[PDB]
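Colleague: Mind having a look at this structure? Questions to follow.
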Amino acid sequence: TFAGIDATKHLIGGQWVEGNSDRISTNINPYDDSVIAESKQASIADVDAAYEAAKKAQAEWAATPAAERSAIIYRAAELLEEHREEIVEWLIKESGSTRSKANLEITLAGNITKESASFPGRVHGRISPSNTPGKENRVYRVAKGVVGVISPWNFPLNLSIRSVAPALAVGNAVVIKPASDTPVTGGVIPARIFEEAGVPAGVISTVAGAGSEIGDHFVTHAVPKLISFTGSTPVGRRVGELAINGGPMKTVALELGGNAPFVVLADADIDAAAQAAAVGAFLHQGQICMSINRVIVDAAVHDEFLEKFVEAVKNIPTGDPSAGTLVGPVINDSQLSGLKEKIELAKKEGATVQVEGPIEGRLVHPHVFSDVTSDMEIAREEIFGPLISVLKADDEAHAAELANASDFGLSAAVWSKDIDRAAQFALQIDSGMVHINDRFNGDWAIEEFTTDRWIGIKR
Amino acid sequence: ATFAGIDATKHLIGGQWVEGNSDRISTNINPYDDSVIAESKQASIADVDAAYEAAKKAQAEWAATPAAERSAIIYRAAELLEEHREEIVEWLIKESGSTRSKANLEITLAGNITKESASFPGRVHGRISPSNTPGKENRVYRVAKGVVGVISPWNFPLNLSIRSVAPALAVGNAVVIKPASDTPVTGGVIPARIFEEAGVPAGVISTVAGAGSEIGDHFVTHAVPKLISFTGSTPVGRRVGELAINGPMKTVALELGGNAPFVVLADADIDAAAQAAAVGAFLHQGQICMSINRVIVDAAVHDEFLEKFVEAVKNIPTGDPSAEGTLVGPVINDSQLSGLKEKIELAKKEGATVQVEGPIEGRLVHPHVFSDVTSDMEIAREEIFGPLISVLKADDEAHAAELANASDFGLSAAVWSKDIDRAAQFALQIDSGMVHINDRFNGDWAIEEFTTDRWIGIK
Amino acid sequence: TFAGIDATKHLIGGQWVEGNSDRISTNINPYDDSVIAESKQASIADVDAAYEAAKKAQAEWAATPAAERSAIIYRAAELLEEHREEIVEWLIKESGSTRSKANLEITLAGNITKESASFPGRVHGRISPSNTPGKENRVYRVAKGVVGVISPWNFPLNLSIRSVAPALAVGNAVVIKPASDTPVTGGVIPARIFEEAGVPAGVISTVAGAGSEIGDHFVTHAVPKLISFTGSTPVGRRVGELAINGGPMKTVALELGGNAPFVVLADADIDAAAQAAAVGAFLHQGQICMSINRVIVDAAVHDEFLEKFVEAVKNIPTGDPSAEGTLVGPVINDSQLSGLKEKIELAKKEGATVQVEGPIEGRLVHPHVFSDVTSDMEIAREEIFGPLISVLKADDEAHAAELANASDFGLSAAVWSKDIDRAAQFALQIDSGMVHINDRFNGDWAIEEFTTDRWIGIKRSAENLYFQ
Amino acid sequence: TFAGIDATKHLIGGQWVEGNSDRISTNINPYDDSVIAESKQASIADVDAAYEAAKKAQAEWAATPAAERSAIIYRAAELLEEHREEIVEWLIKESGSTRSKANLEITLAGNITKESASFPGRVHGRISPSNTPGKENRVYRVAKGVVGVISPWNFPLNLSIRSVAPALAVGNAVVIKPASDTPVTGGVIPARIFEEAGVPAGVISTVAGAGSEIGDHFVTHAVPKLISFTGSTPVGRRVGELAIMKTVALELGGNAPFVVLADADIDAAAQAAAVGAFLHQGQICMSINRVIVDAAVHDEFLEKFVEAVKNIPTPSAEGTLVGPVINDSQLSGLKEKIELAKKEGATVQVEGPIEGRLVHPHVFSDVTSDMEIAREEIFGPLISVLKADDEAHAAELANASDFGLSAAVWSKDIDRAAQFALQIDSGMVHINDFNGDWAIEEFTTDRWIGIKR
């Protein structure tokens with residue numbers, strides 16, 4: 001259960017109901033394998049009801065005055081704190097998250113929701129200039145309509161609120177489809193938080209189900225105007241294809257965390273950078289916008305940084321997430337293999353082990369690898385686990401090439417005392433976000449969940 | 001074969017007009033009489049690589065060029081559009097089978113877009129956002145995408161290539177054009193040459209014309225372009241979207257002029273609307289921002305409109321495009337002729353009634369109008385690309401709204417109603433980026449589409 | 001007293017202190033003449049203290065994270081809503097507001113600040129395009145610095161907050177100089193309420209004194225870089241003039257609600273327009289952006305509208321402010337009283353027709369209506385600030401626009417006409433910032449007003465310009 | 001005469017006419033005292049006509065299609081370079097500006113009106129959110145109406161077009177009243193060039209009257225919604241006061257600071273102080289009347305700087321960099337300022353002759369903040385070099401003067417430089433070195449129309 005209803009149901013038509021599918025998925029605590037629950041998953045006829053109920057209820061929502069919608073969204077943020085401990089526990093249980101990680105995730109979901117509540121009072125269309133006598137060009141800024149959000153298992157609550165909150169505050173009706181492993185932290189909870197906040201029936205909905213049964217059908221559907229996806233790149237591609245291959249076509253917003261880079265230039269404060277890289281590599285692992293899985297260091301400070309970086313990660317306790325742990329267990333037994341495979345492959349491709357830990361159950365301990373090249377799989381591919389490569393750049397220009405060598409969407413970080421030069425270097429990296437010496441953009445968000453409707457009026 | 005002096009069979013690569021390298025020989029045929037215009041050796045995969053490579057090397061300096069400087073060159077190309085008017089008209093008629101008067105409208109259109117584009121350099125700005133962390137400063141820079149790949153259509157080659165080419169170049173992008181194999185000079189050589197003669201540095205503008213499929217895929221699939229602009233058919237746009245997702249992703253902008261509706265409401269000036277529908281359906285076909293392919297009239301005025309409309313379209317001179325009176329020219333090629341032929345047959349087999357028909361000799365398809373059509377019929381739910389019209393009856397106001405949203409794609413739509421205010425509300429009920437009441441390039445939309453925002457946080 | 005601090009004190013430096021001038025102020029209830037309180041006023045010295053304190057504290061406040069400044073502003077809205085009953089009683093006792101009018105004022109005050117809480121994260125600067133190779137143009141949007149706010153006796157709470165809240169939220173430090181008749185509702189409550197929400201010491205202040213020794217010096221001081229004024233246009237003009245030739249550099253934002261025209265066109269919903277006119281003229285008078293001082297009606301529907309408007313005005317409860325039904329209370333003071341008595345007579349001795357009029361029992365002026373008036377009668381061209389309304393006859397649609405603009409007060413105007421598309425075109429002819437059709441605080445304009453832009457152009461040589 | 005038309009007439013109601021004032025003015029070449037021309041001055045009734053006609057012709061011009069307005073404004077930029085040499089002479093002989101300084105002003109003039117030609121398309125309104133059930137909020141952005149522009153004698157062509165072009169493009173009707181000493185460079189030429197460009201009759205006007213007659217009537221007139229003034233801080237003040245019912249925009253040039261921080265490429269910066277002190281004299285945006293330097297590079301800066309100013313040659317010539325002063329009243333002002341400078345203790349680091357109206361460069365040193373030479377607006381080639389004990393002093397010293405549209409700061413640490421720059425209350429600050437979006441705002445007003453459906 002959660003906040004007053006059993007976390008195994010689905011919020012369809014504003015009614016918490018049981019799934020009509022034949023499949024029954026068993027949610028397993030990644031740490032000790034204890035059954036958390038068993039729910040009758042949803043069928044396509046259920047997704048249909050979800051979407052159709054959203055379409056039918058969306059207009060009245062979009063038409064609700066700015067202040068109202070704002071107040072409700074703001075209420076949701078209050079509720080996030082008011083149910084904090086119950087949410088922390090679920091984060092620990094289902095997501096295999098650490099007590100401290102869960103705490104962060106909730107604060108983060110609350111900042112996004114807090115910003116998002118100002119959105120109503122920020123959506124503006126414009127009155128364009130006319131080129132033909134008697135013509136009035138008005139471009140209204142409206143809600144896209146119905147958004148289908150597909151949340152991941154890494155930061156289930158955080159990365160889902162990242163799109164549910166702005167999408168709802170702006171007038172859209174949303175339908176969440178969480179990852180198989182985290183259906184309540186990535187779907188039931190955020191859904192419930194907004195229902196409890198006042199979001200009208202049909203506006204917020206959640207539908208969980210097996211990939212092979214509803215995955216495709218959720219994207220290819222005719223109701224959603226926008227599909228927001230957060231996950232791994234190969235799955236993003238598939239959702240991307242599906243959105244344009246017989247739908248009709250709908251906009252698809254892909255949040256593909258990949259192999260993010262942490263560049264340390266020659267004039268960087270190796271001390272702070274060491275500390276920082278340790279936080280971004282493990283304490284924030286899973287969070288697509290702050291996580292990093294490879295630090296690129298200049299040759300002139302490489303040996304020093306590597307030294308300090310290793311002595312910093314050896315002190316990262318790996319254990320029972322319920323505890324001072326800072327790195328809990330991996331999510332699936334499928335996710336466990338993959339990591340195992342990458343550790344080996346790095347060793348096999350000639351990488352150098354710098355920090356290795358035991359692997360008990362799904363409790364993978366940190367792993368560091370120096371002497372890594374941009375062509376090694378460990379660096380090219382997406383990791384999503386406590387794996388960490390250290391590549392050497394013998395030139396500042398080479399650092400930029402190393403940083404762009406692997407695909408990654410979200411963020412990139414760089415350390416350098418020369419704020420001005422670093423800022424210039426940052427522009428030399430292909431990322432929409434680059435942070436120097438240490439998020440969520442509201443403007444970028446209101447634009448992603450609204451559409452501009454140009455209405456030409458000839459008098 | 002020549003244009004503005006230059007050999008028209010060559011390709012502009014690395015700032016140098018050269019002959020293609022593939023063994024494939026393409027013969028350009030006049031659509032109206034089958035006389036050969038030219039015979040150009042096609043561009044090979046290697047040629048596309050050179051174009052993208054050289055373009056990528058010259059882009060930075062072009063992007064570093066002062067705003068006023070870039071805008072002077074964009075304004076010059078607009079003057080050049082006019083100075084070369086006479087000759088572009090001949091090419092438009094000769095290659096794309098355009099009517100002489102249609103050709104003159106297209107050129108006015110093109111030049112009107114690049115003059116508007118001329119003001120873009122001084123309109124591109126970034127933000128300095130507030131921070132939430134002490135001592136942090138957020139600066140989001142608005143820069144060029146880098147290299148932009150432009151695929152243009154055979155319908156309004158000049159005007160639709162320019163629609164992307166001009167703003168992209170204006171904003172700091174370097175661009176490579178891959179025109180439709182039927183209109184390589186009106187869609188590639190002429191646009192490319194106007195900007196070259198206007199002074200955009202070598203390598204910043206290029207055209208590479210090649211035989212479809214493989215070269216087409218390579219062109220979209222390449223690692224250099226960070227944007228692929230496409231205007232054309234939906235099955236092809238679909239394919240471009242696929243390739244952009246599989247086979248190093250890049251944003252893809254698709255301009256698919258599907259089946260645009262022309263909505264006539266009960267209180268509409270039927271005579272005006274009728275004349276307007278005639279203009280949009282036949283004198284503007286091919287221009288996917290002003291054309292319409294189906295009419296939706298309120299029952300209460302369906303018969304009045306139909307008769308008044310049938311009258312109007314029966315007075316449209318079909319025939320040789322060179323003649324100044326003509327308004328309907330030939331269809332671009334035999335294949336397109338086949339689709340038009342079979343679409344007509346099918347409309348009949350589906351239950352449609354012929355209201356206006358004529359003989360089709362050569363590639364000269366006379367205007368056709370069907371009545372008693374339903375939204376499930378393909379004559380009204382699929383792209384048309386030819387002088388074929390459908391008229392659907394709307395027994396209800398809200399019903400008209402349904403039929404208007406019955407098709408897949410749509411750039412614009414139009415509504416007719418004397419009640420200016422109620423019409424504006426109605427228009428909002430249509431899912432189309434553009435809707436014109438009682439009578440089309442968005443500068444802002446073009447800046448956002450051809451630039452990329454870089455958020456850079458500093459501590 | 002008000003929420004733990006005695007209303008008689010001034011908030012300087014972050015501390016509620018007693019005044020230092022020798023002049024002693026005596027608060028008087030406009031409905032009965034009670035001594036609400038008596039308190040020593042602030043001297044020219046207390047104004048300097050407040051400004052200097054605000055000046056030094058300003059920067060850290062501006063540097064506070066946006067979300068943090070935002071939470072502080074948001075809570076002020078909550079506290080405003082919390083101390084509702086107390087503020088209500090205070091509005092009625094001092095400003096002479098009505099039970100229900102005071103309650104409306106607080107809602108208004110509340111909405112404004114919850115809207116302002118949104119401001120910190122909305123304030124942004126720009127990176128403009130460059131025309132000279134190697135040059136970067138940044139244009140920062142920052143706080144003005146210190147803002148002095150002069151609040152009026154009409155809607156003291158709502159009109160002070162209208163500028164105090166966005167200014168604070170945006171990073172300014174602000175010193176309030178309330179109207180002499182309403183020092184607590186116009187200064188103490190809003191200051192205290194922001195203090196109890198969390199704004200730092202020195203960032204919010206309230207210096208109250210007799211304009212006689214404080215007024216001019218407040219506007220003239222060298223610290224404030226913006227003066228916000230709300231009141232009569234005469235005083236407003238004096239403020240403006242004083243700001244241009246005193247402390248060389250400081251802008252002024254004058255909010256002068258003079259004679260807002262309420263225009264009823266040929267095709268209006270005369271019955272709805274009638275009730276609305278009634279509302280804007282009495283329940284809302286004092287409220288700068290909502291009230292109306294004159295109504296102009298197309299001749300074709302003039303007499304029809306007049307008959308119905310007079311009816312609704314006739315049945316408007318006038319009396320004791322404390323009562324929950326009253327809609328019109330006493331005038332703030334005798335000076336204003338004698339100003340209205342003078343205006344009613346002047347309208348008469350100019351040939352105007354009385355439609356409605358009542359007794360004037362102890363500062364309690366009953367609603368007064370005058371028809372058959374023309375654009376040059378003082379009653380229809382000067383500002384009123386009282387329950388006196390004048391109806392003018394318009395020959396046609398075009399004459400309506402001309403009658404509407406016969407003022408010099410363009411702050412807001414209302415227009416009634418069933419035809420929306422044309423009424424909107426018509427509204428464009430009126431010389432006001434805002435016009436409302438068939439029945440209002442702009443946040444965007446507010447942030448522009450309390451911030452300043454700083455263009456910083458930086459040229460980089462080859463030396464400190466990399467990867468070029 | 002200019003570009004055909006009679007240069008002594010006043011464009012009113014679209015027609016160039018002779019003034020109705022019984023006062024005549026003899027426009028005199030500041031350089032040699034020769035009489036360029038004489039003209040019947042404009043009267044109060046003349047002004048009323050120019051404004052009354054402008055008002056009637058405005059609504060039509062604003063409703064003119066955006067791309068149309070933009071082609072007209074653009075044309076004016078072509079006409080400006082077509083009449084280039086003809087205008088160069090007028091600044092040369094009337095404004096007393098050199099040949100290099102005149103040419104520069106024409107390009108700058110061109111740039112402004114060319115940037116301004118893109119304004120019609122960039123003027124957007126807004127459809128704000130609604131808080132009341134079923135209400136729409138439209139915020140139209142319209143032209144103010146009629147704009148009274150008061151240009152000055154320093155850079156009369158550039159500083160008049162600066163207001164005029166943006167205000168016209170946007171759809172306002174403008175009436176220019178130029179400085180008594182420059183009625184054609186600051187009034188006739190700009191008005192005549194927009195006329196040829198295509199601006200309708202009554203949309204552009206120029207009226208040259210006597211300060212004592214027209215001066216006050218031009219500002220307090222009911223018609224103009226905006227008054228754009230450019231000049232000395234004291235006269236800018238009366239204007240604003242007189243204006244208070246319409247809004248006024250004061251471009252008050254005073255004493256712009258040139259701060260040279262301890263790590264400021266003392267050499268290349270000394271080269272720039274020279275340029276911003278003489279080459280860009282009349283330029284209220286590119287000129288500096290004082291240099292604040294940190295003790296460390298103080299003497300280092302001064303030497304190279306003195307040698308810089310000493311090399312500046314001394315109108316109709318090519319080499320010449322500095323020209324004569326506009327009039328006698330101004331001349332006596334500089335001299336008067338030069339003397340009390342010495343009487344205050346300042347060291348005459350540099351001093352040149354005073355042949356006629358031509359004042360040679362003057363540079364003083366060991367100057368402090370409580371001296372009129374660093375406090376008052378100078379309007380002449382008089383430089384003051386103040387020493388700053390540190391950087392904190394530099395901030396104080398920089399903000400000392402009451403008026404400042406722009407400032408300059410040289411450093412090497414671009415980042416710290418930027419930070420320091422924000423500590424100087426000035427609209428503009430340039431580091432080691434015309435805003436359109438702000439001009440668009442200035443010549444338009446936002447009209448909020450709320451509709452309860």
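So you can find residues: chains in the structure tokens are A, B, ... in the order shown, residues in each start at 1, and ligands are numbered from 1 in order.
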Would you give me, as a short mmCIF file (atom, residue, chain, number, x, y, z; two decimals) with N, CA, C and O atoms, in the first residue's frame, the residues of chain A that come within 7 Å of chain B, using only C-alpha atoms?

Modeller:
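And here's result_26.cif as it stands now:
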data_model
loop_
_atom_site.label_atom_id
_atom_site.label_comp_id
_atom_site.auth_asym_id
_atom_site.auth_seq_id
_atom_site.Cartn_x
_atom_site.Cartn_y
_atom_site.Cartn_z
N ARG A 237 15.78 4.36 -28.85
CA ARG A 237 15.71 4.27 -30.30
C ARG A 237 14.43 3.58 -30.72
O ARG A 237 13.72 4.06 -31.60
N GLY A 240 11.63 5.63 -30.29
CA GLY A 240 11.72 6.65 -31.32
C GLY A 240 11.19 6.17 -32.67
O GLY A 240 10.47 6.90 -33.36
N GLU A 241 11.54 4.95 -33.04
CA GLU A 241 11.07 4.37 -34.29
C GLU A 241 9.56 4.25 -34.19
O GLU A 241 8.83 4.72 -35.06
N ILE A 244 7.24 7.15 -34.97
CA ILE A 244 7.10 7.63 -36.34
C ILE A 244 6.69 6.53 -37.33
O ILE A 244 6.34 6.83 -38.47
N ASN A 245 6.71 5.27 -36.90
CA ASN A 245 6.33 4.17 -37.78
C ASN A 245 4.91 3.66 -37.52
O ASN A 245 4.72 2.66 -36.81
N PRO A 248 -0.69 7.72 -35.64
CA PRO A 248 0.21 8.66 -36.33
C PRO A 248 1.46 9.07 -35.59
O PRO A 248 1.68 8.68 -34.43
N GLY A 432 24.01 19.58 -23.89
CA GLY A 432 23.15 20.73 -23.67
C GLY A 432 23.37 21.36 -22.31
O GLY A 432 22.85 22.44 -22.03
N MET A 433 24.13 20.65 -21.47
CA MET A 433 24.45 21.09 -20.12
C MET A 433 25.90 20.77 -19.82
O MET A 433 26.35 19.65 -20.04
N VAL A 434 26.62 21.76 -19.32
CA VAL A 434 28.01 21.60 -18.93
C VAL A 434 28.16 22.40 -17.66
O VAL A 434 27.90 23.60 -17.65
N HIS A 435 28.56 21.73 -16.58
CA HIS A 435 28.73 22.39 -15.29
C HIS A 435 30.20 22.47 -14.91
O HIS A 435 30.94 21.49 -15.01
N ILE A 436 30.62 23.66 -14.50
CA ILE A 436 32.00 23.92 -14.12
C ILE A 436 32.16 24.09 -12.62
O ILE A 436 31.42 24.83 -11.97
N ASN A 437 33.13 23.36 -12.08
CA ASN A 437 33.47 23.37 -10.67
C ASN A 437 32.38 23.03 -9.68
O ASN A 437 32.16 23.77 -8.72
N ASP A 438 31.70 21.90 -9.91
CA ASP A 438 30.68 21.36 -8.99
C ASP A 438 30.12 20.02 -9.47
O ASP A 438 30.79 19.27 -10.19
N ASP A 452 2.88 25.59 -29.99
CA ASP A 452 2.52 26.90 -30.46
C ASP A 452 1.53 26.78 -31.60
O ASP A 452 1.77 26.07 -32.59
N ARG A 453 0.39 27.42 -31.43
CA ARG A 453 -0.67 27.39 -32.44
C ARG A 453 -0.84 28.77 -33.11
O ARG A 453 -1.46 29.66 -32.56
N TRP A 454 -0.28 28.94 -34.30
CA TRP A 454 -0.40 30.22 -35.02
C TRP A 454 -1.75 30.36 -35.70
O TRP A 454 -2.06 29.62 -36.63
N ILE A 455 -2.56 31.31 -35.24
CA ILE A 455 -3.87 31.56 -35.83
C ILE A 455 -3.92 32.89 -36.59
O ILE A 455 -3.91 33.97 -35.99
N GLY A 456 -3.95 32.80 -37.92
CA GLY A 456 -4.01 33.99 -38.76
C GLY A 456 -5.44 34.46 -38.97
O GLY A 456 -6.30 33.69 -39.42
N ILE A 457 -5.70 35.72 -38.66
CA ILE A 457 -7.04 36.25 -38.79
C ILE A 457 -7.11 37.41 -39.77
O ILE A 457 -6.59 38.49 -39.51
N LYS A 458 -7.75 37.19 -40.93
CA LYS A 458 -7.90 38.26 -41.90
C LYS A 458 -9.24 38.93 -41.68
O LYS A 458 -10.28 38.28 -41.74
#

Colleague: Chain B near chain C within 9 Å: what's each residue's closest atom pair and its distance in Å to one decimal, counting only C-alpha atoms, ordered by chain then ascending residue number, as a tab-separated table?

Modeller:
residue	atom	partner	partner_atom	distance
B:60	CA	C:468	CA	8.6
B:61	CA	C:468	CA	8.6
B:64	CA	C:133	CA	7.2
B:65	CA	C:133	CA	6.9
B:66	CA	C:131	CA	4.3
B:67	CA	C:131	CA	5.3
B:68	CA	C:131	CA	6.1
B:69	CA	C:131	CA	7.6
B:121	CA	C:129	CA	7.1
B:122	CA	C:129	CA	5.8
B:123	CA	C:129	CA	7.4
B:124	CA	C:129	CA	6.3
B:125	CA	C:128	CA	4.9
B:126	CA	C:127	CA	4.6
B:127	CA	C:126	CA	4.3
B:128	CA	C:125	CA	4.5
B:129	CA	C:124	CA	4.8
B:130	CA	C:121	CA	5.8
B:131	CA	C:65	CA	6.2
B:132	CA	C:65	CA	4.5
B:133	CA	C:65	CA	5.9
B:134	CA	C:65	CA	6.1
B:135	CA	C:63	CA	8.0
B:139	CA	C:127	CA	8.2
B:140	CA	C:127	CA	8.2
B:141	CA	C:127	CA	6.9
B:142	CA	C:127	CA	8.2
B:419	CA	C:421	CA	8.6
B:420	CA	C:421	CA	6.7
B:421	CA	C:421	CA	5.8

Colleague: Within 9 Å of residue 349 (chain D), counting only C-alpha atoms, which residues qualify if same-chain residues fewer than 6 places away don't, as a short mmCIF file (atom, residue, chain, number, x, y, z; two decimals) with C-alpha atoms, in the first residue's frame?

Modeller:
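Done, and the output landed in out39.cif:
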data_model
loop_
_atom_site.label_atom_id
_atom_site.label_comp_id
_atom_site.auth_asym_id
_atom_site.auth_seq_id
_atom_site.Cartn_x
_atom_site.Cartn_y
_atom_site.Cartn_z
CA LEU D 302 50.57 57.90 -17.72
CA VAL D 306 50.96 61.23 -22.57
CA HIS D 362 44.64 68.79 -22.44
CA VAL D 363 45.57 66.19 -19.85
CA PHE D 364 45.92 66.73 -16.10
CA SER D 365 47.24 64.37 -13.40
#

Colleague: Check every residue of chain C for an atom within 7 Å of chain D, counting only C-alpha atoms, and provide those that qualify as a list in words.

Modeller: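 Using only C-alpha atoms, chain C residues at most 7 Å from chain D: residues 237, 241, 244, 245, 248, 249, 433, 434, 435, 436, 437, 438, 439, 453, 454, 455, 456, 457, 458 and 459 of chain C.
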
Colleague: Kindly save the residues from that selection, with N, CA, C and O atoms included, as a CSV table (one decimal), in the first residue's frame.

Modeller:
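Result went into part.csv, see below:
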chain,number,residue,atom,x,y,z
C,237,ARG,N,3.0,64.4,-9.2
C,237,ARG,CA,3.8,65.3,-10.0
C,237,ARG,C,5.0,65.9,-9.2
C,237,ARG,O,6.1,66.1,-9.7
C,241,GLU,N,9.0,65.5,-10.1
C,241,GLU,CA,9.8,66.7,-10.3
C,241,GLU,C,11.0,66.6,-9.2
C,241,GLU,O,12.1,66.7,-9.6
C,244,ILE,N,13.8,64.3,-10.2
C,244,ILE,CA,14.7,64.7,-11.4
C,244,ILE,C,15.7,65.8,-11.0
C,244,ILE,O,16.8,65.8,-11.6
C,245,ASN,N,15.4,66.6,-10.0
C,245,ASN,CA,16.4,67.6,-9.6
C,245,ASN,C,16.6,67.7,-8.1
C,245,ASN,O,16.3,68.6,-7.4
C,248,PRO,N,20.5,63.5,-8.2
C,248,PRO,CA,20.6,63.2,-9.6
C,248,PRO,C,20.0,61.9,-10.2
C,248,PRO,O,19.2,62.0,-11.1
C,249,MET,N,20.4,60.8,-9.7
C,249,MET,CA,20.0,59.5,-10.3
C,249,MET,C,19.1,58.6,-9.6
C,249,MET,O,19.5,57.8,-8.8
C,433,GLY,N,-3.2,51.7,-20.0
C,433,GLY,CA,-2.3,50.6,-20.0
C,433,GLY,C,-3.2,49.3,-20.1
C,433,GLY,O,-2.8,48.4,-20.8
C,434,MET,N,-4.3,49.4,-19.5
C,434,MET,CA,-5.3,48.2,-19.5
C,434,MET,C,-6.7,48.6,-19.7
C,434,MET,O,-7.2,49.6,-19.1
C,435,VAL,N,-7.4,47.8,-20.5
C,435,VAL,CA,-8.8,48.0,-20.8
C,435,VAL,C,-9.5,46.6,-20.6
C,435,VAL,O,-9.0,45.6,-21.1
C,436,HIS,N,-10.6,46.5,-19.9
C,436,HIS,CA,-11.3,45.3,-19.6
C,436,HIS,C,-12.6,45.2,-20.3
C,436,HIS,O,-13.5,46.1,-20.0
C,437,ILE,N,-12.9,44.2,-21.1
C,437,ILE,CA,-14.1,44.1,-21.8
C,437,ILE,C,-15.1,43.1,-21.0
C,437,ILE,O,-14.8,42.0,-20.8
C,438,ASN,N,-16.3,43.7,-20.7
C,438,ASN,CA,-17.3,42.9,-20.0
C,438,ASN,C,-16.8,42.3,-18.7
C,438,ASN,O,-17.2,41.1,-18.5
C,439,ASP,N,-16.1,43.0,-17.9
C,439,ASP,CA,-15.4,42.6,-16.7
C,439,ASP,C,-14.0,42.1,-16.8
C,439,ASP,O,-13.4,41.7,-15.8
C,453,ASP,N,18.7,46.5,-16.2
C,453,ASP,CA,19.5,45.8,-17.1
C,453,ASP,C,20.9,46.4,-17.2
C,453,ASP,O,21.1,47.6,-17.3
C,454,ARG,N,21.9,45.6,-17.2
C,454,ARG,CA,23.3,46.0,-17.3
C,454,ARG,C,24.0,45.4,-18.4
C,454,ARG,O,24.4,44.2,-18.3
C,455,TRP,N,24.3,46.1,-19.5
C,455,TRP,CA,25.0,45.6,-20.7
C,455,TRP,C,26.5,45.6,-20.4
C,455,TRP,O,27.0,46.6,-20.0
C,456,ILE,N,27.1,44.4,-20.5
C,456,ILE,CA,28.5,44.3,-20.2
C,456,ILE,C,29.1,43.7,-21.5
C,456,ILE,O,28.9,42.5,-21.8
C,457,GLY,N,29.9,44.5,-22.2
C,457,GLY,CA,30.5,44.0,-23.5
C,457,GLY,C,31.9,43.6,-23.2
C,457,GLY,O,32.7,44.4,-22.8
C,458,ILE,N,32.3,42.4,-23.5
C,458,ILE,CA,33.6,42.0,-23.2
C,458,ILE,C,34.4,41.5,-24.5
C,458,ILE,O,34.0,40.6,-25.2
C,459,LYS,N,35.4,42.3,-24.8
C,459,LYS,CA,36.3,42.0,-25.9
C,459,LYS,C,37.4,41.1,-25.5
C,459,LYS,O,38.0,41.3,-24.4

Colleague: Excluding residue 352 (chain B) and residues on its chain fewer than 3 positions from it, collect all residues at most 6 Å away from it, counting only C-alpha atoms, and give them as a ChimeraX atom specification.

Modeller: /B:347-348,372-373

Colleague: Can those selected residues be exported to a file as a short mmCIF file (atom, residue, chain, number, x, y, z; two decimals), in the first residue's frame so that it contains N, CA, C and O atoms?

Modeller:
data_model
loop_
_atom_site.label_atom_id
_atom_site.label_comp_id
_atom_site.auth_asym_id
_atom_site.auth_seq_id
_atom_site.Cartn_x
_atom_site.Cartn_y
_atom_site.Cartn_z
N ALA B 347 -11.12 6.39 -55.42
CA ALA B 347 -12.12 7.26 -54.83
C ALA B 347 -13.51 6.79 -55.30
O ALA B 347 -14.47 6.80 -54.53
N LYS B 348 -13.60 6.39 -56.56
CA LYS B 348 -14.86 5.91 -57.13
C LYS B 348 -15.29 4.61 -56.46
O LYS B 348 -16.41 4.48 -55.98
N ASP B 372 -19.46 13.85 -51.55
CA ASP B 372 -19.92 12.68 -50.80
C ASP B 372 -18.72 11.80 -50.42
O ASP B 372 -18.63 10.63 -50.78
N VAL B 373 -17.79 12.40 -49.69
CA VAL B 373 -16.60 11.70 -49.24
C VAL B 373 -16.72 11.57 -47.72
O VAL B 373 -17.42 12.37 -47.09
#
